[PDB]
Every structure is written in structure tokens, then in C-alpha cells.
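Those letters in the first sequence? Residues 2 to 144, 173 to 406, 412 to 635, by the deposited numbering.
We put the beta carbon where it would ideally sit given N, CA and C, even for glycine.
For reference, the structure is listed below as C-alpha cells.
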Amino acid sequence: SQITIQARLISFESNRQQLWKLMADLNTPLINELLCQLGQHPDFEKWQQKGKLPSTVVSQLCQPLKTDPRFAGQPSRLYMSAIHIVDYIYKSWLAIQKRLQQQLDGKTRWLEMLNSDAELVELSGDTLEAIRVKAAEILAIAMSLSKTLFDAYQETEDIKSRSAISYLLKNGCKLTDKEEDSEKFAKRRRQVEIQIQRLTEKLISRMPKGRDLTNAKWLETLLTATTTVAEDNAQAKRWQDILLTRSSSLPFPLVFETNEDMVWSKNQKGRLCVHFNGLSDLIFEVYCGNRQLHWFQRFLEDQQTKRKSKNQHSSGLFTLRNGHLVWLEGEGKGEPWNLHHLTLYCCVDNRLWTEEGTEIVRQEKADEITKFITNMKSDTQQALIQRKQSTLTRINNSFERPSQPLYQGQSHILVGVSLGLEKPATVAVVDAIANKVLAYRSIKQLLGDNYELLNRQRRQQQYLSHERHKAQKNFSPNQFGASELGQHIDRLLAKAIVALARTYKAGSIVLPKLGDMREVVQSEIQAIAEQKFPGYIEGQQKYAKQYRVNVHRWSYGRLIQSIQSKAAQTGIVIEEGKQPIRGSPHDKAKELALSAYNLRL
DNA sequence: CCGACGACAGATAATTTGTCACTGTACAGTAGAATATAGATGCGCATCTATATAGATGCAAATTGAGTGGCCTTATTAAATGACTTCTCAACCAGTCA
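Written as C-alpha cells, this is what we have:
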């Protein structure tokens, strides 16, 4: 449901320079608090096993750095911004590492389980029919299915008769009469080996890096490498890998996770202003287009409404949720605080705009807070329960807000969206009780006046990829791509799909479980290419470049998110299902929506 | 002296020619014409022949499009572009101050 809106902040130099000095000084303990985990912390491998960072460890590394002679000059809210960012860095990276570990194991199982029909006969000492009969018994026992069969191979080895359980699993949890081609099986088993290899490589990841602004390592390395002689090829390359590294120009943003830690006001000139907790001397002026101003007026109205009411209304329902203050990169020459541009990005929960939507968040938080208090039931823990119960009481007192009746769709009408390489979207609206398609749309309809933009995107990707190649050979800085055009097209389709869902009173939009299509294609094309260029690895990589590149450029996750966002701002439910391997783009969309309807029970 | 033969002259019927009177006989519608044959020549109709085939067939290059087979450098770092995944996104109470 959340959105991010933005404004540039304007102030006189003294204020934009003082804030830069604090952020160039704050950017450094964001580096030192990474290193205090990256190599200093002894428990680190226990966290990599569990997949989660302990909720207090970054604060317990930061608390003694608050008096460090290098870091002591900063407000209490700038240290909380440091702790926030470093918590979110590790809390992300450990959660990436854990899903990779789980995938590697979850296929190391399957590379053991996957056997040819002849190997099952040898391993069982029995007929492939005896295996078909035992596979029929195992389905009769089971009737969670695929997991239950995996568990019944992980348990219940059963005098190697788990051979028949692998026979079900390789057949997609079904009986098969046909006996398989050993060349097709060799390609299949090789794809798993490739996925296993690729996972054992990706299992090791570069320990998350800090944004060093100082150039000190680079300058020290330059004067070392030019005046001294390396003792090894490894040392001479270690200096090369440092000297090639581009250094950052921007400090990490400030994060203000409490909405009240931004204070709003109106300037004499009638313009809006803002100030931050601990920087309450530095008034900043808001500059934003009238297409976004209504939120910045709402910020000040939410604040005035609470202050006019003796704090009896809660910022648990303030339209602003959190702010990220960032320096966007400028152009040309000048001091960093005169060259770059302070920009304030406000997280906003869009459903807090209206009274009917605010009531949803009131019920959502009142249920979550009630459960929290009953799960809790020590000294400061009682003070925390005072924060919570003052919220649980205050959240019932309403802000005066715009009214708009909630959208309601028919529980039987669904929009199916089918994504692919040639057709980025294609739509079928199904009445699932009639089994009747109400409408279909192809791309030429689904973004209408804008259909020239798909042809533009394909021209621009091809044109600009060649210009980047020509530019790199000359060391030109000019490096451009179609990324913002692809982002616009994915947003045009997201608006049109939801406008169509509203038009037909659909209860939900259905999006495919595409999963990691990029890795799957990379393994399939490799297992095939190894049969056509054996030993010539450069020829294996050249086999289907344009197909592999087009799959790595395929924006399916960004279109899926663009539709999710616009649907949840409108109130339409999102649902999911398996996308058919065969059929036209329409048939894919039709069967996808009907499948998601069948999954209701 | 007697008998036989030739010269010359003289007389004479046969022969030829002419004249004269009496008479048998053709004139009377009448033989070119009829009736066979061989032998050569010419016009007509049939009965072969020798030339003249164009259509059909067999075959043998002459490409012609469509296949198939054989031969190939690779591993790190850094930057750029295009993508994917994960994480995060409290709110009021307690201690100073003009």
C-alpha cells in the first residue's frame, strides 16, 4: 500500500553546508559499524546459519562509538540513522545468504534423487513396472503432495523402494507409462548439475561494503604502486583491483523512522517549511509541483490537528510514515553542498488519505497492538506498554479527513494477466461462475495511443547498446540506456490493467508465479550448448546470446510490482497461479485466472 | 529321034475388101452389201508401293536446391548498461529551559 513522494529542500548555504559536514562525518561510522561485524564480530557464522541479525547487536556496537573522538559531534537522531541503515544492510544480506543456502541443499537432495529408468532397475533389483506399481501404491497412501513425497524420500528409504518415490517426483507427482530417452535424461540431469555448480559459486558473496568518500586507500595505493616493486603477481594485481575502483561521491542518506521527528510549519511568504529532530536551527523550504503539494499540506494539517487537540490524537495515523533525506547528484563544478541537491523522500501510506481508508489502518493497528500487549504480558518493558496503551487509546480519536466509499468488486470476476518475452502483458477478464471471458486485451489495445512506445523501447535498447560498446572502446563517459522508458511502459500497462479491472468490477487481478526465470533459462541453454560445442567454452557462451540477454533484460518483476502498487492504491485484491506452458497469450491469461479462482478452497 | 526340065507369056480361082439385105437381142428399178473375225488404241477404275511423317518414349548430362559433416583459449579484478533477490519504513514518556 505505501508510496514515496518527494520534494527538493532549499536553504541558504550556511544550512546546506552544515548539514553536508554532519553527513560526511556520519557517513564514516556507517563504514566503521560495518567493519565491526564484517571481520571483528566472532558470532558471525551463527547469524549466517540462522539467516537473521540479533535485533540489538548494531546498537551495542554503536553505543561506545558515540563517544569516539571521530564520531562524537553528531545529534542523537543521526546515530539512530546510522544504526537503522547498518541494521537494514545486514538484515537484508543475511536473508539473501540463507535462501541461497536453502536452494543449494533443496537441489543437492534432487541431484541424488534424479535417476535414469535403468538406474532405478539396478538400484531396486526389480522391473520398471514393479516401480510403476509401487509408485501407484505411494500415490494411494498420499491420497502438500510434492513436499510429502520429498519427505517420504527423506524419511522411509524402505529397502531402496524410495526409488519409486523419485519415479513419481521426476514425473511431476504422477504415473507415467513411457520409458525415457537417455539423451533427454542426460540433458535434464546436466541442468541440475549446472544449477548445483552455480549455487555453490553464488553461495560465497562479497561482504557488504561501505561508501568510502575519503579516497585515502586509493591515494595510499597510488603512491605505493608507482614508487615500490610488488613481490608477487597477486600483490601487483591487488594494487590494480584497488586502483581501478571508482570511489563514491555521496554520503548515505539520513533515515528518520519516526514521523514526528520532522516538524512542519508555514513560512511568512506562505511556502511550507520543515526542520528535523536535532537540527532544529536549520529551517528548510519545500519546493514541489502542485501534482504532489496536497500531501505536503496534509503533513502540516495532521501536525496542527494533533497540537490543537492536546496530543489526544496519535501519529499512529499520521499520513507521513518516515523520511529519507538524500543528496541527489548535481552537474558541473562547485562545493558539494552547492553542487548536489537536498531531496526529502516521504514514505506515505496512501490508504490514510481518506477517512474510509484511515479506518482500515485503525483496525489493522488496533488488532496488532492488542496482540503485542498480550504476547508481552520488566521495568522499561512497562514503559513500552505505556507507549502502546497510549496508542491503543488515542488511535480511536479521528482526524477530520476526505470521504470516499471503498471500491467493491464481484468475487467471481477476475482479471488474468499473462507476461512473456514478445508480449510484456496480455489480459483476459473472466466471469468464473459463467466460465465466460467478458473481454480480452492485447498490447495494441492495453496501452492504446502509446503503442509506439514498445517499438521505441526495442529500438532504444538495440541502438543504445551498440553506442555503449562504441563509447567504451574510446573511454567516453557517455553511457545511456532505455531503463526509464521501460519503467514508464511498465507503469502505463499497470494503470490500464487496473482501469480495466475497475471497468468490469473485478474482485481481483491475477499475476503469474513466474519465479526465477533468468536462472532457469541460463541453466537450460548451458546444458544444451555443452552438447553442440563440447570443450569449446567460448562457443558454449556464444550459443544463444540474444535469447539469454533478452531474458536478463525481461522486466517481469518491475511490471508485477507496478501492477501490485496501482491495484492496492485502488483496493483490488492480488491473487496468483501457475502460468500455462502452451496456448496463445490469451489462452495463458484465461487459464491463469480460472486456475487462481479454482485455488480459492 | 525321044524324053525331061527351064523361060516367058497367058488364063484362072483363092483371098481380101466392099456393099447389101435379113436378123437375134437388149431397153425394160437394182450388186454394192451383209456378216463374221483379228488387231491396235484409248478411257476408266482398282490395287498396290514408297515417302513422310509428328507424337510418344527412353536416356543421358546439367545443373539446382536441399541437405549433412568437420573444425574451434581461458581464469581472476575493475568500471559501464540492463535486470533479479533480501531488509527496513514505532509513537509518548521522562528530563531541562526561558
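(request) State the start and end residues of the unbroken beta strand (DSSP E) segment that holds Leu357. (result) Your numbering for residue 357 matches position 328 in the first sequence. Counting along the chain, the beta strand (DSSP E) containing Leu357 begins and ends at 349-357.
(request) Report all residues from its chain with a CB closer than 6 Å to the CB of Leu112; omit the five preceding and five following residues, and keep chain order. (result) As a working mapping, residue 112 is identified with position 111 in the first sequence. Result list for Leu112: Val221, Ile225, in chain order.
(message) Assuming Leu27 and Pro280 are in contact, meaning their beta carbons sit under 8 Å apart, how far apart are those beta carbons, in whole angstroms?
(response) Residue mapping note: residue 27 aligns to position 26 of the first sequence, counting from 1. Residue mapping note: residue 280 aligns to position 251 of the first sequence, counting from 1. Confirmed, about 7 Å.
(message) Quick check: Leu472 and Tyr538, are their CB atoms within less than 7 Å of each other?
(response) Translated into the one-based positions of the first sequence, residue 472 becomes position 438. Translated into the one-based positions of the first sequence, residue 538 becomes position 504. Yes, the Cβ-Cβ distance between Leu472 and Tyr538 is below 7 Å.
(request) Compare the Cα-Cα distances from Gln565 to each of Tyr485, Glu212, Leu498 and report the closest residue. (result) One-based indexing of the first sequence puts residue 565 at position 531. Nearest of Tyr485, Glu212, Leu498 to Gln565, Cα basis: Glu212.
(request) Determine which residues share a DSSP beta bridge with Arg475 and list them. (result) Reading the first sequence from its first residue, position 441 is the one you call residue 475. For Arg475, DSSP records a beta bridge to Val461.
(message) Whole angstroms are fine: how far does the CA of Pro458 sit from the CA of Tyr590?
(response) As a working mapping, residue 590 is identified with position 556 in the first sequence. As a working mapping, residue 458 is identified with position 424 in the first sequence. C-alpha separation (whole angstroms): 8 Å.
(request) Taking 7 Å as the cut-off, decide whether the C-beta atoms of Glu384 and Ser437 are in contact. (result) In the first sequence, residue 384 corresponds to position 355, counting from 1. In the first sequence, residue 437 corresponds to position 403, counting from 1. Contact annotation: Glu384 and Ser437 have beta-carbon atoms nearer than 7 Å.
(message) Three or more C-beta pairs under 8 Å: does that hold for the region 181-192 against the region 526-541?
(response) no
(request) Check whether the region 614-630 touches the region 461-476, counting contact only when three or more Cβ pairs, one atom from each stretch, lie closer than 8 Å. (result) The answer is yes - the region 461-476 touches the region 614-630, with three or more Cβ pairs under 8 Å.
(request) Can you check the region 34-121 for any alpha helix (DSSP H) of at least 4 residues that lies completely inside it and give the ranges in chain order? (result) 45-51, 58-63, 77-114
(request) Would you list, in sequence order, the uninterrupted beta strand (DSSP E) runs of no fewer than 3 residues that lie entirely inside the region 181-213? (result) none
(message) Restricting to Cα atoms, I'd like to know which of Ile606, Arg300, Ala395, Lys406 is closest to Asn431.
(response) Against the first sequence, residue 431 aligns to sequence position 397. When the alpha-carbon of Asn431 is set against those of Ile606, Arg300, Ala395, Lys406, the nearest one is in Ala395.
(message) Mapping the DSSP letters down to three states, classify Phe313 as helix, strand or coil.
(response) Working through the first sequence from its first residue, we reach residue 313 at position 284. Looking at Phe313 - three-state DSSP - the assignment turns out to be strand.
(request) Under 8 Å Cβ to Cβ from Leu129, same chain only, skipping five residues before and after it: list those, please. (result) Residue mapping note: residue 129 aligns to position 128 of the first sequence, counting from 1. Same-chain partners within the cutoff: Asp118, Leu121, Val122, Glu208.
(message) By DSSP's criteria, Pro546 is part of a beta bridge. Which residues make up the other side?
(response) Position 512 of the first sequence, counted from the first residue, corresponds to residue 546. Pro546 is bridged to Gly611.
(message) Report the CB separation of residue 1 from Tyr316 in whole angstroms; it is logged as a contact under 8 Å.
(response) For residue 1 there is no data in the structure shown, the boundaries of the chain being 2 and 635.
(message) Taking the straight line between their C-alpha atoms, what separation do you get for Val583 and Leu62?
(response) As a first step, residue 583 must be located in the first sequence, where it is residue number 549. As a first step, residue 62 must be located in the first sequence, where it is residue number 61. Answer to the nearest angstrom: the Cα atoms are 43 Å apart.
(request) Check the C-beta distance from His342 over to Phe433 and give it rounded, since I have them as a contact under 8 Å. (result) For the purposes of this step, residue 342 is identified with residue 313 of the first sequence, where counting begins at 1. For the purposes of this step, residue 433 is identified with residue 399 of the first sequence, where counting begins at 1. Their Cβ separation, rounded to whole angstroms, is 6 Å, which keeps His342 and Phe433 in contact under 8 Å.
(request) Counting only the same chain and skipping the five closest in sequence on each side, list residues whose C-beta sits under 6 Å from that of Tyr374. (result) By 1-based counting over the first sequence, the position of residue 374 is 345. Contacts found: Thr5, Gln7, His353.
(request) Look at the alpha carbon of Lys600 and the alpha carbon of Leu527, and state the distance between them as a whole number of angstroms. (result) For the purposes of this step, residue 600 is taken as the residue at position 566 of the first sequence. For the purposes of this step, residue 527 is taken as the residue at position 493 of the first sequence. Approximately 10 Å between the Cα atoms of the pair.
(request) Give me whichever residues DSSP pairs with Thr274 in a beta bridge. (result) In the first sequence, the residue the question calls residue 274 occupies position 245. In DSSP, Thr274 forms no bridge with anything.
(request) Tell me whether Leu23 is buried or exposed, calling it buried when 16 or more other Cβ atoms sit within 10 Å of its Cβ. (result) On the first sequence, residue 23 is found 22 positions in, with the first residue counted as 1. The residue in question, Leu23, is buried, as its Cβ has 16 or more Cβ neighbours within 10 Å.
(request) Go ahead and pull the three-state DSSP assignment for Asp26. (result) Reading the first sequence from its first residue, position 25 is the one you call residue 26. Looking at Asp26 - three-state DSSP - the assignment turns out to be helix.
(message) Give me the DSSP bridge partner(s) of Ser294.
(response) The residue you call residue 294 lines up with position 265 of the first sequence. Answer by DSSP bridge pairing, in chain order: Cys302.
(message) Just to confirm before moving on: does the CB-CB distance between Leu426 and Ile398 stay below 7 Å?
(response) Taking the first sequence and counting its residues from 1, one reaches residue 426 at position 392. Taking the first sequence and counting its residues from 1, one reaches residue 398 at position 369. Judged by beta-carbon spacing, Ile398 lies within the 7 Å limit of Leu426, meaning their Cβ atoms are closer than that value.
(request) Work out the CA separation of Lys422 and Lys400 for me, nearest whole Å. (result) Locating residue 400 in the first sequence gives position 371, counting from the first residue. Locating residue 422 in the first sequence gives position 388, counting from the first residue. Each residue's alpha carbon lies about 11 Å from the other.
(message) Looking only at its chain, what residues have a beta carbon closer than 6 Å to the beta carbon of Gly454, apart from the 5 residues adjacent to it on each side?
(response) The count along the first sequence starts at 1 and reaches residue 454 at position 420. Once the five neighbours on either side are set aside, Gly454 has no close Cβ partner at all.
(message) Let me check one thing: in DSSP terms, what residues is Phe285 bridge-paired to?
(response) In the first sequence, the residue the question calls residue 285 occupies position 256. Partner(s): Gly352.
(request) Identify whether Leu526 lies in helix, strand or coil by the three-state DSSP scheme. (result) Here residue 526 refers to the residue found at position 492 when the first sequence is read from its first residue. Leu526 falls in the helix class under three-state DSSP.
(message) Using the three-state DSSP reduction, which class does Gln332 fall into: helix, strand or coil?
(response) Sequence index remark: in the first sequence, residue 332 carries index 303 (1-based). Here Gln332 sits in helix by DSSP.
(request) Return the first residue and the last residue of the alpha helix (DSSP H) that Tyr581 is part of. (result) In the first sequence, the residue the question calls residue 581 occupies position 547. Run containing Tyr581: 579-586, per the alpha helix (DSSP H) assignment.
(message) Classify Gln332: buried if its beta carbon has 16 or more other beta carbons within 10 angstroms, exposed otherwise.
(response) The residue you call residue 332 lines up with position 303 of the first sequence. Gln332 should be labelled buried.
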